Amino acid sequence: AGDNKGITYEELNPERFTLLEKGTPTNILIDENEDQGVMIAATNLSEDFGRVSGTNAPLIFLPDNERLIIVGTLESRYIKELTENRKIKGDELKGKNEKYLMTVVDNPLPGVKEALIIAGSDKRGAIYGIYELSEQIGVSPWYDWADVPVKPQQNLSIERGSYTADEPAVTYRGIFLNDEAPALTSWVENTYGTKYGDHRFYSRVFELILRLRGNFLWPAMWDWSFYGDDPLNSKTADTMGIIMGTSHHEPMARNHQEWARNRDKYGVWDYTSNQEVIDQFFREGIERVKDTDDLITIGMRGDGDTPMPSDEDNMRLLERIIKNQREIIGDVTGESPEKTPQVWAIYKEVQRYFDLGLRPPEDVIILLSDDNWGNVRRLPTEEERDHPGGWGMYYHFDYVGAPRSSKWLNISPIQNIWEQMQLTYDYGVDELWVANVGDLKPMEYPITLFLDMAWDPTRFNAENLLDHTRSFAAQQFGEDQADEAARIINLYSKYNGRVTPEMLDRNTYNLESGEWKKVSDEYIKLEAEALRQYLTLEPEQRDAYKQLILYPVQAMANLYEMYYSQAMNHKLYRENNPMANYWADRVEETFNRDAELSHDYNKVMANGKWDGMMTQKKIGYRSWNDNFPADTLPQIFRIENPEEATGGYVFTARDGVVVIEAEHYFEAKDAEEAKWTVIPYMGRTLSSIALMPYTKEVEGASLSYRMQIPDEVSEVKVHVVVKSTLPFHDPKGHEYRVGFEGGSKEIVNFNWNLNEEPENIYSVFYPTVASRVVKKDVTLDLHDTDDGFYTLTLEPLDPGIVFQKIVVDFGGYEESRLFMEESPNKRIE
């Protein structure tokens, strides 16, 4: 159900029209001389009933059956017979652009008791109506290009009534295959054996664009020539009903490589110098595509993506170029020039030629363009909205250039596409919308949004935008999966809008403020939610879910954690803290995970159907272009010999406290026989530390913490957190001596009251014990010093004390389960 939702049911009903009964499809009646592109779509619908039911819908040319699905254009014999007998409201289609009419009617023809009619105003309107039914029975436009499975059915009925999508609001609506190496090129080679895009590949692109209800394509042009590499390319597009175009610097239906490949035979591409050969270039161009409905790019820039002393009389060079471009069209097409659709794209030295009134002939479409990052540059004023030929918009989902290429994943928030396209429509630009899609994949969702907006931008607003995302998800994964799948698509798109993967690195986010950890943790949360959903899917759904959701999310969550880890590696390495080695390991592991994930996408997902599609490098950019060998491991640093890199931590106060994890001492003096032993992971946070073993005297032992406090401070509250050890050796309890060396020192008895005596047993004892820790505080007078450095000192007086955390409190203390983030520190010897 693309256009009309909730009219096809999975049970039959007397007051509904049966499309499929106990496995057998209803036959499709078609005029055998129907437009060949419409027959192709009808054949695809016949096979779509095959995908649903197990048997193809018989495609017939005579009303043999008592009930029928009758398809065709207004001019085909059966539709023509229906409008003439007023069985169908033909007035609602005659003259209309790309419109279908879908309605059940009783006794359409003699011998037919009841039929579903799909009548198109023209070729494409018939195709669209057919594919509307295709969706109704459960074949997503993405059934091939993103492996979206078809729910098998045994019976289908459709509600009566008259159904339409009306006419599209934008005349030309399509995509540009661009930035296509190495991905799309690798995939076309692996799949078709061709170092070019041939008509097998392009017809497969055409069916998609048509199922999506678009009509337009700029073919790939980096190393290919859509018109020259295969003579069926133009012929197939013309038959199937795609309008072909060329990009802004490819005038006159010549693909750029047709000139490049023969720079030796051809001249220089300077109109005044090389006029003769270039005019011949242009002519055979229009010669090749006359009798098709292709858009003719007119004008002239440079060759490559460069422009072309100028100013007054240079503007008159362009004027001239358009003039004789049009007589060339006239001499070839036979008709006059305004009978051939033409488009003049504007860029650099043209917005400037705009003001003195450089406009093309009235009939020509003026193709505006975005900034390569989704923001429109110029729009028509109220005065020039008049323009008869109308206006286009070229929009980027993918871009190679400044400030850095973006070639890997979708980077376009849903809100950003809509917010800028709604503006585009509201200012009158509605003749051509074409979006740069990179390799097509993985832009599946923005493409669907882009084209659905081009059909009817009026049905989108800020409140209902994500309703579109939810509908898309329900189509791909089913009603039960839809809310959560759309939620993920929206979120990962938004995260990707924050910074492109190619421009993400260790310095993107703020590390001290905790921002890096937030966005890294939060993307992994999204990955966890996508993993949970993935386990609930039916097997036949996993490949589509991975292509539309799981791989983008996993690959980005992994990329984020990699750079976050690099940022932590450098911080700890600067600080001389051997924990740097852990984060170095994480960088390595996440870097390799990135290759694991793309290897899966290419080689394992869908049995390697998409091998090549996910081979763009992404890690190792140094300039704007991806001209470096391959994904490169971000630089990491390691502390040699990390076991003898202990002690010597000195802290600096921040935000009212000095919070210290107990193992980050400045020095530790061992006892007689018993030695300071750190216990990894023990406690609520970093680790614990204790003299071992517990059978030895602790006499003389001490831990020492070096810290800097602002001179304005006169007394402090010292919190020491230890493990909730009980008084096992001696009922009077465990004591330790805390104090600033050079100043006053109190002793703490932290478990004298942890027992089963009535006043303690439930008031203190069981509560503290079930928490596993005890926290004591002394209040200590801070003496004077000239450098501001102090040495806090912890001296145990009984065995088995497990020190865990210290916080000196001079204002900024916050009650909390983990006893606050550790204060800044670094290491010395």
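In this text, residue numbers run from 1 along the sequence as written.
Going from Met692 to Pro693, the model skips none of the deposited residues; the chain is continuous there. Averaged over CA atoms, B-factors in the entry run higher in 779-787 than in the other of 766-774 and 779-787.
Stretches 89-97 and 541-549 differ in mean C-alpha B factor, with the higher average recorded for 89-97.
Of all the options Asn464, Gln616, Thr306, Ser598, the entry's greatest CA B-factor is assigned to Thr306.
Taking the deposited Cα B-factors for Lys123, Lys669, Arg200, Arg586, the highest one is held by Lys669. Among the modelled residues of the chain, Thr793 sits in the highest third by CA temperature factor in this PDB entry. Ranked within its chain, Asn65 lands in the highest third, by CA B factor from the PDB record.
Sorting the modelled residues of the chain by their CA temperature factor places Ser53 in the middle third. In this PDB entry, the Cα temperature factor of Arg470 sits in the bottom third of its chain's modelled residues, the lowest group. Residue-level temperature factors show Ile761 in the highest third of its chain, judged at the C-alpha atom.
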